[PDB]
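**Student:** Have a look at this one.
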Number of protein chains: 4
Amino acid sequence: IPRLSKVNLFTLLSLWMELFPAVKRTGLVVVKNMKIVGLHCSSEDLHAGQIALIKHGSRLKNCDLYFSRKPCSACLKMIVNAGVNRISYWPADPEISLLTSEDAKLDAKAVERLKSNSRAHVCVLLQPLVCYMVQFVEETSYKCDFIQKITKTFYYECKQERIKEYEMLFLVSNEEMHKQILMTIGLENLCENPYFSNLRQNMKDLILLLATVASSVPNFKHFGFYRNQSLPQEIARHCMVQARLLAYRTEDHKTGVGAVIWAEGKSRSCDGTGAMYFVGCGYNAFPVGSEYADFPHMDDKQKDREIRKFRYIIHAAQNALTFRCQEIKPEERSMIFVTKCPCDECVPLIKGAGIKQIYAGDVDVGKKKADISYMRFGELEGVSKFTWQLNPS
Amino acid sequence: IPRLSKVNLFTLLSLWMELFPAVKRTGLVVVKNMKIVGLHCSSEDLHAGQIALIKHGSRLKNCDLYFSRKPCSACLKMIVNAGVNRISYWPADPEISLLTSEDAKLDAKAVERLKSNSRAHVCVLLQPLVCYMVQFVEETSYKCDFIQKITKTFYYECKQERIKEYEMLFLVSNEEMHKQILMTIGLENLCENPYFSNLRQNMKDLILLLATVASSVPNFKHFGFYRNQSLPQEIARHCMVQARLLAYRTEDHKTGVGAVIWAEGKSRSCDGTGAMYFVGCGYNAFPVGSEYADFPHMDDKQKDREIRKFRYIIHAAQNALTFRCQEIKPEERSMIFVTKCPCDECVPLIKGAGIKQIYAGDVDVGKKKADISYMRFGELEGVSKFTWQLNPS
Amino acid sequence: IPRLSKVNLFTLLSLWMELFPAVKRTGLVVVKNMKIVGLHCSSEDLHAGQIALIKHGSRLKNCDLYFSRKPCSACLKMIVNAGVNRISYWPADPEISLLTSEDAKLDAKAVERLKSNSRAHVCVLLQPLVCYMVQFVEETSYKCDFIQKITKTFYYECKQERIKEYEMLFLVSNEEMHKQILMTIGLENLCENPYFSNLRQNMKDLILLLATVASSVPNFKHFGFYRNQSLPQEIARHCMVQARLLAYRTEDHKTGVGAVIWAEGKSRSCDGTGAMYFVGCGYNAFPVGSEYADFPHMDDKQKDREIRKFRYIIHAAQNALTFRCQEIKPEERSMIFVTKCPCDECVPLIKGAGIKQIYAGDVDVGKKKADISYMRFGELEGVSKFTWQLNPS
Amino acid sequence: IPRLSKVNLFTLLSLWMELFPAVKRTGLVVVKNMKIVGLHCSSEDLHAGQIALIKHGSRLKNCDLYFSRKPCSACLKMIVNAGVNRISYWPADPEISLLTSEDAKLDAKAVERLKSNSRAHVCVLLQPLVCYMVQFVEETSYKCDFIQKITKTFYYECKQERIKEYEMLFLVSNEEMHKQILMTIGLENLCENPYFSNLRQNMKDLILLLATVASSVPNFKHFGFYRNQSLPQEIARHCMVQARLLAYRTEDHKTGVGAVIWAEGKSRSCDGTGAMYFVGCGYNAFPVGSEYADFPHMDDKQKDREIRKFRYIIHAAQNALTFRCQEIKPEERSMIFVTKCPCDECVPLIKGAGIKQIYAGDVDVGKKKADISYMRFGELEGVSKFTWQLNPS
Ligand SMILES: Nc1ccn([C@H]2C[C@H](O)[C@@H](COP(=O)(O)OP(=O)(O)OP(=O)(O)O)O2)c(=O)n1
Ligand SMILES: Nc1ccn([C@H]2C[C@H](O)[C@@H](COP(=O)(O)OP(=O)(O)OP(=O)(O)O)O2)c(=O)n1
Ligand SMILES: Nc1ccn([C@H]2C[C@H](O)[C@@H](COP(=O)(O)OP(=O)(O)OP(=O)(O)O)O2)c(=O)n1
Ligand SMILES: Nc1ccn([C@H]2C[C@H](O)[C@@H](COP(=O)(O)OP(=O)(O)OP(=O)(O)O)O2)c(=O)n1
Ligand SMILES: [Zn+2]
Ligand SMILES: [Zn+2]
Ligand SMILES: [Zn+2]
Ligand SMILES: [Zn+2]
Ligand SMILES: [Zn+2]
Ligand SMILES: [Zn+2]
Ligand SMILES: [Zn+2]
Ligand SMILES: [Zn+2]
């Protein structure tokens, strides 16, 4: 199966964070040592870069920041002063809108000057997807737990709606306006063909993949996460889409599973996500630093259990707990969103970590295979469980 | 005086952690930069490795883990994924008991496959003790504050009882069964003599040392820690034995002192120690990085006070506070267990650190020497003091 | 404009910390990677070094400690055990007073022995000031916001009073007594001229600068910080003087701004500052790692706005929040002291960081320049504001 | 078998380097990353420290230097300027003889002052040997290739001669004289019992071991290395003793083999070894970073060839070539001294490395075991071979 790249994952996550349910809004992904340490969105008061500064301080040192729009000079100077390594940005209309004029152009010039005189590398890191990536994402999106649950109780029309909305929000349809933006933000190297058309096509492909993933957890009928107090359904869908986007980084050759751990702070926060802050993320993969041939990749179809992937595969929730950027606070409401039903090996870890709520798929609940089972999720006590289903009330 | 090795200290501490008062139970010592950063025991729900993962996350990177039993494949894959440097284990029956069959053998095979394809080094690191180590430990154990206090108000009989119990728990008396276990867990290099007999003798010697140290703080008559609410006497004895085992790492040539700082969390935890979590450890030694001849080692017998050890020796409590892996929470109950009465330059440090309770011996209480005194412990206010004594009730 | 050096800033800050409003009292500055991570004062129970040990633990590794007095052997051994890099001290009467005898001399000998056999470098790092530095500091202090506010509603007389008091507290007027102290504390290389006279003159110049800066925020008439509950006026003045001292590290060629963030803990603390602990510090400067010609240094007088400093200069509050050594706890009272009224791009950052109180001089409040404005401080909601002012009561 | 420690090996090698065939003469061992990178001796013009400076330059950074005598102030200042980590010295009469007066005392005072004000750690690092190290060394020395070859064609009498000579050269028999030396060189912590007597006994034990090893390759009955031009027999014996001392660092449990590679430069050199300079050293051991139980330690007595040490043991010559500090220059004469006959997997490596001459023992020449053979040494062409033997003329 095709694998989404780390940088394209971070770009997609930054654009999706710009869509977190609450000068243009900006989503930001803070990555350290190729691990996500922050998911932020611009609020009405502060930009994503300012919020990242407030949240991280000097911990932004040697960090990679992925912005859904090019940050303003005020954000860029603070981010550079904090000591980050790379600032990758989505080359649409920047944070200070160029489609609104002289002040925005002056801000762009100041951003260029800051970039030219800093050790931080400000760049556009989005790369083309493989030829089959979009088709594979669509195939797995129609077949995921949530779409299957709705079907057993529409997807392409919602996907078309998401395509239109996200192409409006993230793309510059007018080629001349996009060329003007790219010239203003110092991307003259991408203003002439075939680089201009290649960049626009790559942006369109990434927007298509994002729309596919977002519609894989659709706002359809009364379907939501139900069955101690549930989150607003929009935020639950957004976090599930985050985990679903992570599921495409899987090293498993058959099934991709993603997991995001979020927590709700007691007090007010400066972030655009409100009291909710990102805690951890993960996908199912073999232990860090493993080559392709290091561990068996076969499923139960292989006769010898010793050469099956199950004893060696790290699950999405296990990776999310392992590489968490925040501690699970017992007094806070903490939620883990998993695209697949947590297995009997992961549920005790979630319970022991103190995670209060699990938002999960429901397809594999009750399955009992030789090396993996799903019996402890149905009978789990002390942790609230929310599954994709029709609203009982 | 003979000095206990760091690796043997960690092995003994993992074996003792397996005995913390509440698939076989497993103790675990997490060490970072040759400093202990975690003491864990398997609970009824989670193994020691899973608990260490939950408690540390990616902070296990480049850490040394010391297991009382060889971890299972599920624990090993998560520990390796976290990036640990070195997993040492006690070569008795592993976590998945081989003395119960096919599932345990398959788990051992998966553990060996994980070891072969990972940068983490899975090994048996226990070393032979010096010829005089056990005799010296026995001599100092009979002469310690607690045994002397009981005598001033039995030790060898309790020593024999602990020897029998710990040889039952930690050793495989049958040589053929031990050979089978070693072959299963991939220790064929130690299955034939003299390496098999050397390994068994080293294990027996370490178990004898552990029984000696555990008997030095015996469950005898109604003796316990008494004089705001005291811990259960079993946990207090266990922590005092931890500090006593640390006391044998001393650089002082005459008296070894050990100290352990523990804290009781307000909320429930996943660990087998309950709400109690390890905060810090220390022993009396010269400042880190000092050579043998760097500082004077003499005592008050030396005429010149300028060439006495007192002004240059770091006390056990000072080292426990310095290299603590956790912050002292003001709202939490925090306990420091010291094998000797805290001195007048340590009591203010304990009080200022916020440690609520001091469990200690009381032989030197009131002693006033030129370079060390014990006057501030008797008159200490704001910190609960628990000494080894008969129950006043 | 002349710039205060980092080592002189830290020496001055340690001397000022010794004067924090409540064996001689000692101030201590803990610096890591040329950033201040701790401001401590000796309490009645514990010395500054012991308090730094309690507060930081192993985080003192590779840290530079700046003491207002030479630490005692008990403090020095624990500090070098913690692994610090440099211990700079003010070469006046040490912590164990030599002007009071045999015990102090023995402590000094033990300190020298600890210094000889440790990798930590114990030294005197104070360096001569720039020739114009004192005159420039006097000129800017007379023209600072607080002195000007008093004038619009004395400074040299208060400066003379501070000169006398601080020369009494920090200098040894008798040359032979100072020579005895220097010989005892192992500074024989500075006991003969011109090095002895040069050291005494450097100390006098630094004391003069400290008196000037402390008089810039005088205890005059009923002037204090007023406008949810304010701090004691002495502590507010002390923190404002800290910020004023930081303002002389500015990279801006016209105006120096300093900011200190402190927090009042809920529970008792071992520090001499009481429940208050240092959170962060900063001054107005260009992004870290910038050369002199990297960014424009001009002001609004320059015609082109693209070559003005404003879009590239990091403000004092921005730097204080960026390089904070502590997290802003929502339940704690947090105060930021800034020598100039916070600008319109700093007030939202202070509000979003959770800082409860802003202490500031408000000369520029209401000013609206092209690239910087002060409109949001006057209308700021949710943050208590205290300005230099006559007491309204 | 007992294992000589790294630091005691380096101390013994520095003492032996002082005896290299040609203010007291000083031998010096330069070690980097626990590997020997230099063997130097004082010449008539330059001291060992000055020669090390000339030879290494800034490569002395973070190096450990082992001196047979405490270096003078001129040597010490240059060595600490070069940035070394540790200077361990043998605590006999220092480089500037204290047994000759005021100038030597002034030099010692300057050395102490340099040590006190430098991050380099000047110390005495010699450790006590295990209680049976000397007996094992004597047993293996009587049974070595050279002594056995002498017997098949005395040892204890030569051993007594070496004991007397080396106790005269390296020890201070007069206890009061040694106390005076130790006080002068700032070792007052080792001037009173039991530390004084312990240090003297440790020095005596190390001298006894050195005499044993040196007599294991004795100057006896015109025996030497014979069979294109051989070295002077004294230098060949000295290098063979170097390799023999390295042979006691072996990880093999039965047979210890050592190897030293030296090269004769074409031009004049400042070293006391003349044109000869140290190239590399090694002993037979398992691959670097291996635990005791990592690899099989068994020999041909074990039935299964897969669990024998031979396929996993790195030979002495292989380690000497691997961790060489100098390149083998084709135009220079190169000599490898190995305490055992080179095996069939070592001779091709020596030939391919360009080593011109092999000085070796010859007891195993012609032996052909299953996993190790000695057939290629007898028929080796293009490399001169010198064996312990009667002089043919
Ligand atoms: N809570 C879980 C459960 C599973 N996984 C990952 C790791 C598992 O190796 C993979 C599932 O692999 P299977 O071969 O069992 O896949 P399916 O469940 O899709 O298989 P099937 O439908 O054939 O039963 O998903 C995960 O990350 N988190
Ligand atoms: N609270 C304490 C007290 C002491 N120590 C350590 C450091 C001291 O140097 C050592 C005790 O050394 P003494 O020479 O004082 O030994 P004793 O306690 O045995 O004294 P005495 O000979 O009077 O019985 O123990 C410690 O770590 N913590
Ligand atoms: N809250 C603030 C406000 C300003 N500054 C810094 C930014 C600039 O480096 C400098 C102010 O520059 P100006 O040119 O505005 O200086 P003045 O205040 O002296 O301006 P004016 O000439 O109008 O009096 O102070 C700061 O650090 N924090
Ligand atoms: N040129 C060589 C030859 C051998 N060795 C080392 C590694 C070998 O593992 C060890 C020899 O191991 P054996 O068991 O073969 O020892 P002996 O040769 O002494 O055995 P025996 O006398 O029983 O034949 O010496 C070495 O370093 N360099
Ligand atoms: Zn911005
Ligand atoms: Zn799972
Ligand atoms: Zn396990
Ligand atoms: Zn003490
Ligand atoms: Zn002190
Ligand atoms: Zn500002
Ligand atoms: Zn010299
Ligand atoms: Zn060989």
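Scheme for the structure tokens: letters A, B, ... for chains in order shown; per-chain residue numbers from 1; ligand numbers from 1 in order shown.
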I'd like the contact shell of residue A:44 - 12 Å cut-off, only C-alpha atoms, skipping same-chain residues fewer than 4 positions apart - returned as a short mmCIF file (atom, residue, chain, number, x, y, z; two decimals) with N, CA, C and O atoms, in the first residue's frame.
**Tutor:**
```
data_model
loop_
_atom_site.label_atom_id
_atom_site.label_comp_id
_atom_site.auth_asym_id
_atom_site.auth_seq_id
_atom_site.Cartn_x
_atom_site.Cartn_y
_atom_site.Cartn_z
N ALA A 22 -14.25 26.42 15.92
CA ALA A 22 -14.09 27.42 16.96
C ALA A 22 -15.33 27.50 17.84
O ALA A 22 -15.73 26.51 18.45
N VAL A 23 -6.55 39.41 7.99
CA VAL A 23 -5.89 38.33 8.72
C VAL A 23 -6.73 37.07 8.65
O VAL A 23 -7.86 37.03 9.15
N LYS A 24 -6.18 36.03 8.02
CA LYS A 24 -6.88 34.77 7.83
C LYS A 24 -6.46 33.75 8.88
O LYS A 24 -5.35 33.81 9.42
N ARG A 25 -7.37 32.82 9.17
CA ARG A 25 -7.10 31.78 10.14
C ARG A 25 -5.98 30.86 9.65
O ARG A 25 -5.88 30.56 8.46
N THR A 26 -5.14 30.41 10.58
CA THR A 26 -3.98 29.60 10.25
C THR A 26 -3.90 28.39 11.17
O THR A 26 -4.04 28.53 12.39
N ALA A 48 -1.54 31.70 14.94
CA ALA A 48 -1.02 30.38 15.27
C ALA A 48 0.43 30.45 15.75
O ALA A 48 0.81 29.73 16.68
N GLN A 50 1.98 33.04 17.25
CA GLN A 50 1.99 33.61 18.59
C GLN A 50 1.53 32.59 19.63
O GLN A 50 2.08 32.52 20.73
N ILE A 51 0.50 31.81 19.29
CA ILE A 51 0.01 30.79 20.20
C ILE A 51 1.08 29.72 20.42
O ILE A 51 1.27 29.25 21.55
N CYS A 270 -5.10 30.31 25.25
CA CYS A 270 -4.92 31.27 24.17
C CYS A 270 -5.10 30.64 22.79
O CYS A 270 -5.23 31.37 21.81
N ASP A 271 -5.10 29.31 22.71
CA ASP A 271 -5.16 28.63 21.43
C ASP A 271 -6.53 28.79 20.78
O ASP A 271 -7.53 29.09 21.44
N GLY A 272 -6.57 28.58 19.47
CA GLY A 272 -7.82 28.55 18.74
C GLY A 272 -8.63 27.29 18.93
O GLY A 272 -9.80 27.24 18.52
N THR A 273 -8.05 26.27 19.55
CA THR A 273 -8.75 25.04 19.90
C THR A 273 -9.46 25.14 21.24
O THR A 273 -10.06 24.15 21.68
N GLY A 274 -9.41 26.29 21.90
CA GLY A 274 -10.04 26.46 23.19
C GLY A 274 -9.27 25.78 24.31
O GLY A 274 -8.04 25.74 24.28
N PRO C 348 -1.63 41.48 23.79
CA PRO C 348 -2.30 40.20 23.53
C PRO C 348 -1.46 38.99 23.90
O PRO C 348 -2.01 37.99 24.37
N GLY C 352 -2.70 36.27 26.55
CA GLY C 352 -2.82 34.87 26.17
C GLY C 352 -1.91 33.96 26.97
O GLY C 352 -2.23 32.78 27.15
#
```
**Student:** Fewer than 4 positions away in the same chain doesn't count, so skip those; otherwise give me all residues within 8 Å of stretch 306-319 of chain C, counting only C-alpha atoms, as a PyMOL selection string.
**Tutor:** (chain A and resi 73-74+77-78+81+106+109-110+114) or (chain C and resi 252+257-260+281-287+295-300+302+323+336+338+342+346+349-350+371-372)
**Student:** Excluding residue B:269 and any residue of its chain fewer than 2 positions from it, enumerate the residues within 12 Å of it, using only C-alpha atoms, and give them as a PyMOL selection string.
**Tutor:** (chain A and resi 328-330+349-355) or (chain B and resi 40-43+45-46+51-52+54-55+264-267+271-277)
**Student:** May I have the residues of chain D within 9 Å of chain C, counting only C-alpha atoms, written as a ChimeraX atom specification?
**Tutor:** /D:112-113,115-123
**Student:** Keeping only N, CA, C and O atoms, take the residues you just selected and write them out as a short mmCIF file (atom, residue, chain, number, x, y, z; two decimals), in the first residue's frame.
**Tutor:**
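What follows is the written file part.cif:
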```cif
data_model
loop_
_atom_site.label_atom_id
_atom_site.label_comp_id
_atom_site.auth_asym_id
_atom_site.auth_seq_id
_atom_site.Cartn_x
_atom_site.Cartn_y
_atom_site.Cartn_z
N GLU D 112 50.64 22.61 41.37
CA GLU D 112 49.42 22.62 42.17
C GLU D 112 48.52 23.78 41.79
O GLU D 112 47.30 23.62 41.68
N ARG D 113 49.10 24.97 41.59
CA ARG D 113 48.30 26.12 41.19
C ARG D 113 47.67 25.92 39.82
O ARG D 113 46.50 26.28 39.61
N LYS D 115 46.86 23.05 38.51
CA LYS D 115 45.81 22.05 38.69
C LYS D 115 44.56 22.67 39.31
O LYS D 115 43.44 22.33 38.92
N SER D 116 44.74 23.59 40.27
CA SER D 116 43.59 24.17 40.95
C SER D 116 42.76 25.06 40.03
O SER D 116 41.54 25.18 40.22
N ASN D 117 43.38 25.68 39.03
CA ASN D 117 42.72 26.66 38.18
C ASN D 117 42.51 26.16 36.75
O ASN D 117 42.42 26.96 35.82
N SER D 118 42.43 24.85 36.57
CA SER D 118 42.20 24.26 35.26
C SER D 118 41.10 23.21 35.35
O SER D 118 40.93 22.55 36.38
N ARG D 119 40.34 23.07 34.26
CA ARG D 119 39.33 22.03 34.18
C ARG D 119 39.92 20.64 33.99
O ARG D 119 39.21 19.65 34.17
N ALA D 120 41.20 20.55 33.64
CA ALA D 120 41.87 19.26 33.61
C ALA D 120 42.04 18.72 35.02
O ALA D 120 42.38 19.46 35.95
N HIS D 121 41.80 17.42 35.17
CA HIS D 121 41.84 16.76 36.47
C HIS D 121 43.17 16.04 36.63
O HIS D 121 43.42 15.04 35.94
N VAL D 122 44.02 16.52 37.53
CA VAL D 122 45.31 15.92 37.81
C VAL D 122 45.15 15.05 39.05
O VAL D 122 44.74 15.53 40.12
N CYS D 123 45.47 13.76 38.92
CA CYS D 123 45.14 12.80 39.96
C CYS D 123 46.10 11.62 39.92
O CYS D 123 46.93 11.48 39.01
#
```
**Student:** Residues at most 12 Å from residue B:201, counting only C-alpha atoms, excluding those fewer than 6 positions away in the same chain, as a ChimeraX atom specification?
**Tutor:** /B:126-129,167,171-173,175,193-195,207-208
**Student:** Keeping C-alpha atoms for every residue in the selection just given, could you write it to a file as a JSON list (two decimals), in the first residue's frame?
**Tutor:**
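The file below, part-v7.json, is the result:
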```json
[["chain", "number", "residue", "atom", "x", "y", "z"],
["B", 126, "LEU", "CA", 24.47, -9.37, 36.97],
["B", 127, "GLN", "CA", 28.10, -9.57, 38.10],
["B", 128, "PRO", "CA", 29.83, -11.74, 40.70],
["B", 129, "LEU", "CA", 30.20, -10.05, 44.06],
["B", 167, "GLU", "CA", 15.49, -18.51, 47.05],
["B", 171, "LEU", "CA", 15.91, -19.01, 42.01],
["B", 172, "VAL", "CA", 15.23, -22.19, 40.05],
["B", 173, "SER", "CA", 16.47, -24.93, 42.38],
["B", 175, "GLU", "CA", 19.21, -27.39, 37.45],
["B", 193, "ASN", "CA", 29.63, -25.52, 33.02],
["B", 194, "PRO", "CA", 31.41, -23.57, 34.37],
["B", 195, "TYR", "CA", 29.23, -20.73, 33.06],
["B", 207, "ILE", "CA", 19.78, -13.48, 46.65],
["B", 208, "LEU", "CA", 21.73, -14.01, 49.88]]
```
**Student:** As a short mmCIF file (atom, residue, chain, number, x, y, z; two decimals) with N, CA, C and O atoms, in the first residue's frame, please: the residues near stretch 210-217 of chain D (cut-off 6 Å, only C-alpha atoms, same-chain neighbours under 5 positions excluded).
**Tutor:**
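What follows is the written file out12.cif:
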```cif
data_model
loop_
_atom_site.label_atom_id
_atom_site.label_comp_id
_atom_site.auth_asym_id
_atom_site.auth_seq_id
_atom_site.Cartn_x
_atom_site.Cartn_y
_atom_site.Cartn_z
N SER D 141 53.11 -16.12 33.17
CA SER D 141 54.42 -15.67 32.70
C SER D 141 55.41 -16.82 32.64
O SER D 141 56.24 -16.87 31.72
N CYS D 158 65.75 -14.02 37.27
CA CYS D 158 65.58 -12.80 36.49
C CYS D 158 64.42 -11.98 37.02
O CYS D 158 64.47 -10.75 37.03
N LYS D 159 63.36 -12.65 37.48
CA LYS D 159 62.23 -11.96 38.09
C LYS D 159 62.67 -11.20 39.34
O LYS D 159 62.26 -10.06 39.56
N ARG D 162 64.60 -8.12 38.24
CA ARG D 162 63.69 -7.07 37.80
C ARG D 162 62.96 -6.45 38.98
O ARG D 162 62.73 -5.23 38.99
N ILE D 163 62.57 -7.26 39.96
CA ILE D 163 61.90 -6.73 41.15
C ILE D 163 62.80 -5.71 41.84
O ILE D 163 62.37 -4.59 42.15
N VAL D 241 57.13 -6.91 25.63
CA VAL D 241 56.58 -6.74 26.97
C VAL D 241 55.36 -5.82 26.93
O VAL D 241 54.40 -6.02 27.69
#
```
**Student:** Per DSSP on the backbone, filter stretch 162-263 of chain B down to the residues in strand (DSSP E) and report them as a list in words.
**Tutor:**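 Assigned to strand (DSSP E), within stretch 162-263 of chain B: residues 223, 224, 225, 226, 258, 259, 260, 261, 262 and 263 of chain B.
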**Student:** Can I get the selected residues back with C-alpha atoms, as a PDB file, in the first residue's frame?
**Tutor:**
```pdb
ATOM      1  CA  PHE B 223       8.788  -2.951  65.768  1.00  0.00           C
ATOM      2  CA  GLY B 224       7.981  -0.391  63.104  1.00  0.00           C
ATOM      3  CA  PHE B 225       8.125   3.262  62.143  1.00  0.00           C
ATOM      4  CA  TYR B 226       6.158   5.335  64.652  1.00  0.00           C
ATOM      5  CA  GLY B 258      21.200   5.552  51.933  1.00  0.00           C
ATOM      6  CA  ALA B 259      18.102   7.626  51.282  1.00  0.00           C
ATOM      7  CA  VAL B 260      14.996   7.158  49.136  1.00  0.00           C
ATOM      8  CA  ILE B 261      12.341   9.811  48.496  1.00  0.00           C
ATOM      9  CA  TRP B 262       8.859   8.568  47.575  1.00  0.00           C
ATOM     10  CA  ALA B 263       5.595  10.443  47.094  1.00  0.00           C
TER      11      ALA B 263
END
```
**Student:** Enumerate as JSON, numbers by chain all residues of stretch 50-205 of chain D assigned to helix (DSSP H, G or I) by DSSP on the backbone, naming them with the chain letters and numbers the document uses.
**Tutor:** {"D": [50, 51, 52, 53, 54, 55, 56, 57, 58, 59, 60, 73, 74, 75, 76, 77, 78, 79, 80, 81, 102, 103, 104, 105, 106, 107, 108, 109, 110, 111, 112, 113, 114, 115, 116, 133, 134, 135, 136, 137, 138, 139, 140, 141, 142, 145, 146, 147, 148, 149, 150, 151, 155, 156, 157, 158, 159, 160, 161, 162, 163, 164, 165, 166, 167, 168, 169, 170, 175, 176, 177, 178, 179, 180, 181, 182, 183, 184, 188, 189, 190, 195, 196, 197, 198, 199, 200, 201, 202, 203, 204, 205]}
**Student:** Can you measure atom CA of residue C:94 to atom CA of residue C:72 for me? One decimal in Å is fine.
**Tutor:**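 So the two atoms, atom CA of residue C:94 and atom CA of residue C:72, lie 7.7 Å apart.
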**Student:** How many Å separate atom CA of residue B:105 from atom CA of residue B:185?
**Tutor:** 8.4 Å
**Student:** List as number ranges by chain the protein and nucleic acid residues near residue B:21, meaning an atom at most 9 Å away when only C-alpha atoms are counted, but skip any in the same chain fewer than 3 places from it.
**Tutor:** B: 17-18, 234-235, 238, 272-273
**Student:** I'd like the neighbourhood of residue D:35 as a VMD selection string, where a residue qualifies if any of its atoms comes within 9 Å (using only C-alpha atoms), though same-chain residues fewer than 2 positions away should be ignored.
**Tutor:** chain D and resid 30 to 33 37 281 323 to 325
**Student:** How many Å separate atom CA of residue B:322 from atom CA of residue C:80?
**Tutor:**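 So the answer is 10.8 Å.
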